[PDB]
Amino acid sequence: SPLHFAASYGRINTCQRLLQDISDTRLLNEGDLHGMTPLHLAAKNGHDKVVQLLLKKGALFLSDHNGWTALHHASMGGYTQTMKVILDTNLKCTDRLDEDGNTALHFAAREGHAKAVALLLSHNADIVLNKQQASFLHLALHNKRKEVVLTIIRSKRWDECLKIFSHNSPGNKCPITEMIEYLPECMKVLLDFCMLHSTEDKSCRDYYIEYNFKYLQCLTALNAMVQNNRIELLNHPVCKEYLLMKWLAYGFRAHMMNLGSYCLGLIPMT
Amino acid sequence: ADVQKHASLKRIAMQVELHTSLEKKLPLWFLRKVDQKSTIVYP
Amino acid sequence: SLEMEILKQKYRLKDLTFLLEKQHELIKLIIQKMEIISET
Amino acid sequence: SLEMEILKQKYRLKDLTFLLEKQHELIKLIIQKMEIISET
Ligand SMILES: Cn1cnc2ncn(Cc3nc([C@@H]4CO[C@@H](c5ccc(F)cc5)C4)no3)c(=O)c21
């Protein structure tokens, strides 16, 4: 009991007295009524000095009744200074899975802790699906975590965060269609990166802008923007240019040949 | 006044529905030849 | 006015949730420094 | 009603943020007068 209270409330001097009295490690790893341990209690409430002291005393990254780690609690609460203590000391901890297949990155993302997602994602955390075949990026999208997904889109890992999804799932689809479905202002941000400006000089006759269509293709994204009433995404320059490209590609020539086939009966009759 | 209310979406919806219908009918090799993953424009 | 009557109410709620976040961190500072004797 | 509904919403939030600021003064008065021994 007394160390679970002292660790849970950050009582660093009470811990130093409890651990000098109880110099054996059996007290330092005891199991709470819900299966937690002093190192979990400290990380859950976010005490960087205590979780550090318990690791300096040689506590172990044991797992909850639900299989959660001290890093899963630190992430669930968004306590990035406690995560930094753990991610400094034992980098091998970073990819451990709970009883349901979530990582700490799936917890930081679901709960909306953008800077905790940034820290685990930059500490080379393993992007993966849990037992419900869902990514951390899906868990952010399905909970409307705008600052989490802007962090994931602005990430040096975005195109890796995009390729890791279940193609066989109707519930956890192509992440670009899930952004149009749940978080369309994050899709405005993602399409702004598809416009490249080649002068910063709009008065120059030679000025040009380039549009890249890699997020509109695998008309799935525009069907999805129509089926979700995303009128301010339909009216974006990259969408107006993708459709006008599709019309000049084949659709104009398709329509003009139907009309030209009809005119060949119509005009000779008049 | 209700066609002109919904018009802004309906026009893009009509274009999207036209092109998807054509792309379901046309052959994959022609789409791979004739589709174009990026375009430059001069304002 | 509602296109801005709701907008300032967003910012007043945002500075309220900021004040509650600053205050939650002082309640923890109390329990961390508090002289717990005769209750343990 | 919304042209005066949101007007009362403003005032309930304005007197809520007043109460939260009165309470933030009392929590600082605790840490200021609080007896700290052991946890220094
Ligand atoms: C990309 N693009 C650039 N110029 C284009 N011209 C033609 N097409 C094909 C095409 N147009 C159309 C019509 C346009 O107006 C639509 C309309 C407006 C308001 C309403 F309320 C209802 C219907 C219907 N239906 O299909 C292109 O795709 C294209």
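Here chain A follows Swiss-Prot for its numbers: 448-665, 683-734, in order, are the residues you see.
Per the header: electron microscopy, 3.0 Å.
Here the Cβ of each residue, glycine as well, is placed from N, Cα and C on the backbone.
Per Swiss-Prot, these features apply:
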type	residues	note
DISULFID	A:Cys462-A:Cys665	disulfide bond
REPEAT	A:481-510	repeat 'ANK 13'
REPEAT	A:513-542	repeat 'ANK 14'
REPEAT	A:547-576	repeat 'ANK 15'
REPEAT	A:579-609	repeat 'ANK 16'
DISULFID	A:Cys608-A:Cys621	disulfide bond
SITE	A:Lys620	site 'Required for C-621 reactivity'
DISULFID	A:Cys621-A:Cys665	disulfide bond
SITE	A:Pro622	site 'Key residue for activation by the scorpion wasabi receptor toxin'
MOD_RES	A:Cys633	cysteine sulfenic acid (-SOH)
SITE	A:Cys665	site 'Important for electrophile activation'
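Features per Swiss-Prot, on structure.
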residue	record	Cβ within 10 Å
A:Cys462	disulfide bond	23
A:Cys608	disulfide bond	19
A:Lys620	site 'Required for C-621 reactivity'	16
A:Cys621	disulfide bond	17
A:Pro622	site 'Key residue for activation by the scorpion wasabi receptor toxin'	22
A:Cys633	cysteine sulfenic acid (-SOH)	22
A:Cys665	disulfide bond	7
Completion exercise
If you measure between the CA atoms of A:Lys620 (site 'Required for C-621 reactivity') and A:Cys665 (disulfide bond) and round to the nearest Å, you get 12
Completion exercise
Taking only the CA atoms, the spacing between A:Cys665 (disulfide bond) and A:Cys608 (disulfide bond), expressed in whole angstrom, is 16
Exercise for the section: Rounded to the nearest Å, what's the C-alpha distance separating A:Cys621 (disulfide bond) and the residue listed as 'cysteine sulfenic acid (-SOH)'? Just drop the number here, would you? Expected result: 15
Practice task
Work out how many Å separate A:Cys633 (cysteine sulfenic acid (-SOH)) and A:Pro622 (site 'Key residue for activation by the scorpion wasabi receptor toxin') at their Cα atoms, rounded off.
Solution key: 12
Handout entry: Tally of residues which DSSP labels helix, strand or coil - the repeat 'ANK 16' (A:579-609)
Key = 20 helix, 0 strand, 11 coil
Handout entry: Secondary structure content, the repeat 'ANK 15' (A:547-576) (per DSSP, counts of residues)
Key = 16 helix, 0 strand, 14 coil
Exercise for the section: Using DSSP, break the repeat 'ANK 14' (A:513-542) down into helix, strand and coil residues and give each count. Expected result: 20 helix, 0 strand, 10 coil
